[PDB]
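Only one chain is included here, represented as structure tokens and corresponding to the form deposited in one PDB entry.
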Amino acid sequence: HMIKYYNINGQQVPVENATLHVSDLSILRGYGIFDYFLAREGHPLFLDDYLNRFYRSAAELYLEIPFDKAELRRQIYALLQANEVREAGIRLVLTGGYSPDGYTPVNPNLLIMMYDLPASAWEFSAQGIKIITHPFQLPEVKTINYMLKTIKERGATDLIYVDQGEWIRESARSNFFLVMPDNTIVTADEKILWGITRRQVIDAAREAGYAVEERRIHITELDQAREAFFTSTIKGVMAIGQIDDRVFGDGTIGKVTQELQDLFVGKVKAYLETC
């Protein structure tokens, strides 16, 4: 509840002293990567899958994480014990690091931060969320270091993109799924390698005997689906009740979406049992 400590570069630091010098490249240029996952019953969920994503994110930016995976795993568990929590949100950050010339990475900085479990985590509400579609369309100016994060609500809480006015494109925040009248589930394949919750839910759906097609989604498919939902670390499986002017069902969670919520909780229990 009270979080006492974070970790910077392997050292446990009181939250009140956790600071970086302003030469850090994430401060100066926004150069950095992150990951985020929950812990329950004293164990980070699907931890190996998250750590694998973190090492891959780092590689995409040519940043070397200063510890190997087993060492990072150890640091995370140590931090949970130092903060005395069994339920938490954990954020990993790897910055571009301190640079003598304000541009050259010479040593990334590694942060492990810890939070309460998000109050809304896996809310699993019966009432679906309302989102908009938006064109995928600053025209590349060096002065703006900042994922877009500038929506302005627009009676909605979230959105999905439309590209070339014909293809659905997922935001960075969540993976997007449709359930068709025939119980075919459809999702993009573009973030196949990157979605952790996405894979657990696809696996569960397949085990339940649903077909899951992974392909580009045409805008017109939104008019043909019975259900729509999001997956992410914090949401779990989250019903979407309305897109623009389209209500799905009566706006409440659909049959397959609900079953996938239960099966996701099942995948969480099964993981926890191996721990």
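Numbering starts at 1 and follows the sequence shown. Heads up, when I say rigid core I mean the largest set of C-alphas that superpose within 1.5 Å between the two forms.
**Student:** Answer with none, 1 to 3, 4 to 9, or 10 or more: how many deposited residues between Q137 and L138 are not present in the coordinates.
**Tutor:** Count of unmodelled residues in between: 1 to 3.
**Student:** Can you count, per the entry, how many deposited residues between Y103 and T104 come without coordinates? Answer none, 1 to 3, 4 to 9, or 10 or more.
**Tutor:** Per the deposited record, the segment joining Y103 and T104 has no missing residues.
**Student:** Could you settle it for me: does 116-124 or 169-177 have the higher average Cα B factor in the PDB entry?
**Tutor:** Higher mean C-alpha B-factor: 116-124.
**Student:** Read off the CA B-factors in the entry, average them over 29-37 and over 219-227, and name the higher stretch.
**Tutor:** Going by the record's values, the stretch with the higher mean is 219-227.
**Student:** From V237, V212, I240, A59, can you pick the one with the highest C-alpha B factor in the entry?
**Tutor:** Result of the comparison over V237, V212, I240, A59: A59.
**Student:** Would you mind checking which of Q75, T187, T197, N107 has the top Cα temperature factor in the PDB entry?
**Tutor:** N107 has the highest C-alpha B-factor of those listed.
**Student:** Grab the CA temperature factor for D24 from the record and place it in the lowest, middle or highest third of its chain.
**Tutor:** For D24, whose C-alpha B-factor we compare with every modelled residue in the chain, the answer is the lowest third.
**Student:** Among the modelled residues of its chain, does the C-alpha B-factor of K130 lie in the lowest, middle or highest third?
**Tutor:** According to the entry, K130 has a C-alpha B-factor in the chain's middle third.
**Student:** Among the modelled residues of its chain, does the C-alpha B-factor of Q164 lie in the lowest, middle or highest third?
**Tutor:** It falls in the top third of the chain.
**Student:** Among the modelled residues of its chain, does the C-alpha B-factor of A156 lie in the lowest, middle or highest third?
**Tutor:** Tercile = highest for this residue's CA B-factor.
**Student:** Considering every modelled residue of the chain and its Cα B-factor in the PDB entry, is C275 in the lowest, middle or highest third?
**Tutor:** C275: CA B-factor falls in the highest third of its chain.
Below, we turn to the form deposited in another entry, even though it does not appear here.
**Student:** Just one of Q127, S120, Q81, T157 has a CA that shifts 2 Å or more between this form and the one not shown on a core fit; which is it?
**Tutor:** Spelled out, the residue whose C-alpha shifts by 2 Å or more is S120.
**Student:** Once you line up the core, how about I192: does its CA shift reach 2 Å between this form and the one not shown?
**Tutor:** Yes, because once the rigid core is superposed, the C-alpha of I192 moves 2 Å or more between this form and the one not shown.
**Student:** So the C-alpha spacing of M238 and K191 changes by 3 Å or more in that other deposited form; is that change toward closer or farther than shown?
**Tutor:** Between the C-alphas of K191 and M238, the gap widens in that other deposited form (3 Å or more compared with this form).
**Student:** Flagged pair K152/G251: C-alpha distance shifts by 3 angstroms or more in that other deposited form. Which direction, closer or farther?
**Tutor:** They are closer; the C-alpha distance drops by 3 Å or more in that other deposited form.
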